[PDB]
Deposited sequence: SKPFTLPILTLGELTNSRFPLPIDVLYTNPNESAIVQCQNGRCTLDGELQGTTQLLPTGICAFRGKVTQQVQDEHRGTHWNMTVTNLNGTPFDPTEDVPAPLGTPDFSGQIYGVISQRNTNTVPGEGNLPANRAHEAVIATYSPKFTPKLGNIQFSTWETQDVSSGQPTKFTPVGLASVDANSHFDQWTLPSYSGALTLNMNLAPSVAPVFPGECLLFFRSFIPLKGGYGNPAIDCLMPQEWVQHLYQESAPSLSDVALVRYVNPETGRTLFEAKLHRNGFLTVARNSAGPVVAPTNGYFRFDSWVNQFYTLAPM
């Protein structure tokens, strides 16, 4: 039976699985009232990708497809409808058992990035790129139906019928009108439809335990704020688990966060079969620990194992 392992990457060698950002800090928030059910960065410990999770760091919150035409919308700016394909360019099949094309954003907000186009016709093709926003809460955000809408400040220089890429950069705003909520899923098929094929929600099941996240701070195009995106496992863990596909020998792996410059354990955590961490902590905020620390798998344990308090 192939032994389970994690990569040996310090926090400073890890990236977020929910937006293309480095991991900045570990984080807890035991008083969170929302259901935690993100769809990117979801992988079981035996290597089964779930939700909208895919392997490419460049695929997270990215889209590929083609602009169809300019459209009108109450949002400020100039608006464009885009069909979306799979990230690899093949047509997205809405009958596949996924919530939306892999890589689709898994949160409500105004995602800021760059739309770029390289024309099919040429002898070299013409190109353009412009800043763009995708409001994932909009009724026109229908990636599971194969099309979305983005806005630009640019008033006309977006071509219809030409290959189009969205490169995410950050958020447009976090003011009240921009509806940023990292735990609110988009409605992938539109306003009044039920999302399907979701990766399950995650939660601690033992008193005294809370979720532990890998937190990244996300850029803003304007306004005030210090927004963050919390993932359950970094993208390199998704990639590693997918590769190894080690059988899970219990429902809970005990892992130790170790300072290698001393071999000392700073704290311990439970890494659950569905791909998330809990710790024994009764406070919210960052975990203050050196970023050369890393998680080391020590043994499979019973669900009723009591974690040493942080």
According to the record, which stretches of the deposited sequence lack C-alpha coordinates? 123-127
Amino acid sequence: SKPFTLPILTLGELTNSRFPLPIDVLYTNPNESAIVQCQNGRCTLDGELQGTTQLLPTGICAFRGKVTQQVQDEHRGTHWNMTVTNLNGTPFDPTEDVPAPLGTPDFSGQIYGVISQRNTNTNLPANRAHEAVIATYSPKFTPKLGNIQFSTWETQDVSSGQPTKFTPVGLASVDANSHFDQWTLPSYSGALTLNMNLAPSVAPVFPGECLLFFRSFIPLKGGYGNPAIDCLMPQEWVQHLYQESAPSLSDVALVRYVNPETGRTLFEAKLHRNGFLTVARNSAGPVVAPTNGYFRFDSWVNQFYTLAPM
From here on, numbers count along this sequence of modelled residues.
Segment of higher mean CA temperature factor, 88-96 or 113-121: 88-96
Do the C-alpha atoms of 134-142 or of 207-215 have the higher average B factor in the entry? 207-215
For the CA B factor values reported in this entry, which option in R281, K66, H272, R42 has the top one? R281
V71, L198, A191, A129, ranked by C-alpha B-factor: the highest one: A191
In terms of the chain's CA B-factor thirds, is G77 lowest, middle or highest? highest
Per the entry's values, where does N177 land by CA temperature factor relative to the rest of its chain, in the lowest, middle or highest third? highest
Classify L21 as lowest, middle or highest third according to the C-alpha B-factor given in the PDB entry, relative to its own chain. lowest
For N259, the third of its chain by CA B-factor is the highest
Entry-reported Cα temperature factor of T53, expressed as the chain third it lands in: lowest
